[PDB]
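Pasting a structure below so you can have a look.
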């Protein structure tokens, strides 16, 4: 009954949320304990681990805040299939391979996906990948898998890259599949998801009341007449709205697909699919930039502060 | 067993394991030892996947070569220097003749489709997907 | 061997060196395989091939002048190390004699390149740090009329590799005449980890 | 923040019960409550997938989407210490299911109620008279294909027990007897004799689906007469100009029951409690997943 | 009638330092603590080549000088060790019974 | 490549001669980053 | 010097040896088998070694730029993983067989 | 336009406030070269 007191005194304390500040010039111990957050990294010493508290269970606590650590999904890829000059924050799209026991993976950035679709944006695609044939056999039968319009249920978005070690023959990437996208380096710095500007469109800008707490990034494969395209939507609504909103936005191209060809078949009838990619702050995100290569540059959409959270593929019609 | 009009040559490769030497001069490179760092990466309910980080930076101190490597002795010959012509019905499987009868007969009379289980490097394959040493691949 | 590389490279000199590659590949490829053919000039044969190895290497490092590693028993600089397997280490110990030393003097701890104040100022402002700012300021501010010599610049190249206590590490020390190279095998370090050497 | 749901047994187990349980030390099961101790009658799918009543996919799926789920961790002789899945954290599950569908990394897992027979997913406890039924956990594309292929097998078995002049029993079996995903070509255990008058699994879902697509064409006719020309070129016109006169009470009743049978079915083909994996390592048959 | 156990034996791991092995004569090391912040290194050599005054009339190579620079290259090693949460909870707790 | 700095540095007088097979090595490109100053390229450049 | 070729069915640019062997290998190619003729017939591989003597001597030791074969398998494959293989093939260097 | 180095300098506090019509100036481009840091990104960058 007193052992329970000493135990419940340790299991009691929630983090002190409010605090009576007196003067901002004071910077006393209470406000430092409010602003201090423990790191996921320290040097391998006894004092550094025992002060950073790396061995704490569940979270990192020196010796439940709305903060959870992320989860990494590491893939091993053919090093020719992934141009290593790409930045940290680019959304990768792992193709579910038809090989039964293959331990090698086939990820795609959307730039590498563009030369897969078609076979400035095209200039940076062909400068980043001089070879449209070593990716045309990663998918073994692209013409069949698109001509029966089942390409959307084979591509699993795995969120953005965070760290990529450049090995020579078989490349190892570390992505973030779910949660808060943040770097793991010895100086920690911010990671920003970069999507190409010509591919990225907006949805509040296309429509031109309330402000939400977060906006959700959407990816959208769609089967047109001239091949598939990977547009990237950003929306601040909910999903069940966005299905009807993109049905309105594609209601031109739905009539165009029924018009320029008549679907005598039955597997052609789907018109793309959309999958949520996660939430970011709806206020100051997607500040544009340009991704500078050795000789050229494409304009890029640099979404800061991503919470990666993949959803599944829902058809559009 | 009569000769055709042509006369092929046969190319192989023969893996020879050695036990190499390595020399390098005194103070060939100058390196910087970074401080090791510990970082947890996946923290599920039952176990927490740790990861240690370490980084070094290596730079030269001379211009020309300062390290060398020679194969001292043969340990053994890891391949059999034999006769294993690699199957062109497997490296170009999309090629097919006129009829299906004649194609099937030709695939019957030769060693066609003999190992269709592995068609890649099996190190890339996972754990658990002609019982002699390593066949040197002949080519015509 | 500079005896062919003096008149400049051409088609002819490059062809000559390709043919001499082919000759050295067909004659002196495995220097321990055809070592065991002859037995009389045999310690001298391995001795000659290893002296050829330390003669075909280029020891012109800029850290040549500073004494980092010496033999414990005599003040002789090491001048290179040999990395071999276990069986070749045992064979070379028998063939080059058991007269190897057991230890060499070396640095106890590493040197320290901590970014001091002025280099921190340059790193903060531009992000370009110069090694040993004290020597740059001592050259082109304090009397730049002083011309540089090797004897003047021996503390400039040797930053902190000279102010370390010498403690002996254990290594077999064979002599190819005037050098004292050091053979060693790390297969011991790689065998317990079930890892390919 | 602790998660140990230690369910206590009244009468302690034998050895062979522990021998069956230690081969299912990584599967998940639905609880009844999220409380610190429980009894055995709240565990996985006993009360709804019992052997004494006719079972249906609908109420099993509703109960499975209803309550919390829980991977099990330890099996003592008289207690089963386990942990429940909250959406905040991520867990380590194992594919120890008797129809062994090979998982993959970064795949999405569907917690399905068992279709492949009760005896494949059970731990028949005798010391206590309970049947711990474990729910089927298998990847979502395989879940979709196995639902389509159990459903069409149900409809096609029902029409050939309706009349043998409809179809051939090998023809339905040489297509729907196998599920294919990434080359892993499985074979499905099919109950070739389900028995008439229902009394079997997947009748209530099949009855719902067949009533839905029966009421579908006049529903489409009513909802195109309510409102254009593109919508009147994709279907054939014999499904367009069919009736145009039904009694309004029966029309409204048919449309309402079609709407309920559509919304339940469409909520059902979304597989409910869906889990999303990160790094499935089949050297130890471990998948790392979270509640999605 | 007993079954006897005679011994549990566990190996002692050897620790191998870089300053202890004989590969450290091959390279000179300096403890640069904040290395991952440094983007790139650069060494620079100015090599002046003295030449020989000859007799005959040749096209004379004048005072030559070689400026060669060499870069450093990073090397990033990382392995994974695992620790069960049970051991960590036992670690950050306090015991009272033997 | 000739992306070399080429500024008048305080250069360190080191003992070891590196001139052995030097011009022949720079002729066939042992280095990616090197500069050949001949005659009146060999002035220390301006600030 | 008294002839051009020892054979005209593999030395010419459109000859049969350059038909069945000059196909450039991709690291994703689903046949993936090892070839010994592609170290001798691959055209851009046959012009890779024109970059100077010291450049290709550096490339002999830096990377396995030729056509390397895998080891310890039943039939030799094109090595893809290569995480712990060590091989120096001088048939990619000087293009001459014994 | 994003031309600034954005490094943590030792900045100097002046006597004269410069705050008038500032966001209005940066909205229309009185300054050719500038960088706006809002909230989170207003930290000093890393060395």
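Read from first to last, the chains carry the letters A, B, C, D, E, F, G and H; within each, the first residue is number 1.
The working rule: a residue touches a chain if its C-beta (ideal position, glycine included) is under 8 Å from a C-beta of that chain, and two chains touch if they have at least 3 such contacts.
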Give the chain pair, either A-D or B-F, that is connected by more C-beta contacts.
A-D
Based on CA centres, what chain would you say lies at the far end from subunit D?
F
Can you check how far apart subunit E and subunit G are, centre to centre, with Cα atoms defining each centre and the answer in Å?
34
Using CA atom averages as chain centres, what separation in Å is found between subunit A and subunit G?
40
Indicate the whole-number Å distance between the mean C-alpha point of subunit B and the mean C-alpha point of subunit H.
56
Report the inter-centroid distance (CA atoms only) between subunit A and subunit C in whole Å.
48
Two or more other chains in contact with one residue: find those residues in subunit E.
25-26, 28-34, 36-38, 45, 47, 68, 70-71, 76, 83, 85, 88
Residue ranges of subunit A touching at least 2 other chains are 57-58, 71-72, 100, 104, 170, 186-187
Show the residues in subunit D shared as contacts by 2 or more other chains, in ascending order.
89-90, 278, 288
Per the touch rule, the subunit B residues reaching subunit G in their complex are 6, 11-13, 15, 69, 78-79, 84, 86, 88, 90-93, 115, 118-124, 130, 134-137, 139
Which residues, counting only subunit A, touch subunit B once they are in their complex?
40-44, 49, 54, 57-60, 69, 71-72, 100-104, 170, 184, 186
Per the touch rule, the subunit D residues reaching subunit B in their complex are 3, 73, 83, 89-92, 278, 282-283, 288
Quick one: in the complex, what on subunit F touches subunit B?
16, 18, 20-22, 25, 30-31
Within the complex, which stretch of subunit B touches subunit D?
42, 44-47, 126-127
